[PDB]
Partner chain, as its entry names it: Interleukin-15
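Encoded as structure tokens, the following chain is the form solved without its partner chain, with no partner shown.
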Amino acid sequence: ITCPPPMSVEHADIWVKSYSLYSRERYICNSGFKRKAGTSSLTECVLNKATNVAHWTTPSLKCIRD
């Protein structure tokens, strides 16, 4: 039980080599960028109780320098 590709964020990178059911990942930001005051980039493989496949939340993320 692996997940679909996490394709979100915008101003950030992630690496997760094999995914997993009920796995948490945070975005590394873009090259040097910081999370703005309050933004959360927690992409968690949450079981959507219908599709039987854990997908990757809805994280807003505002990675802006520095």
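Numbering follows the first chain given and starts at 1.
Keep in mind the form solved in complex with its partner chain is missing from the figure; the text below concerns it.
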property	result
Proximity of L47 to its partner chain in the deposited bound form, heavy atoms at 4.5 Å	no
Contact label in the deposited bound form: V53 to its partner chain, heavy atom within 4.5 Å	no
Interface membership of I1, its partner chain in the deposited bound form, 4.5 Å heavy atom rule	no
Its partner chain contact in the deposited bound form: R24, any heavy atom under 4.5 Å	yes
Partner contacts in the deposited bound form for 23-56 (non-hydrogen atom within 4.5 angstroms of its partner chain)	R24, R26, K34, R35, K36, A37, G38, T39, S40, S41, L42
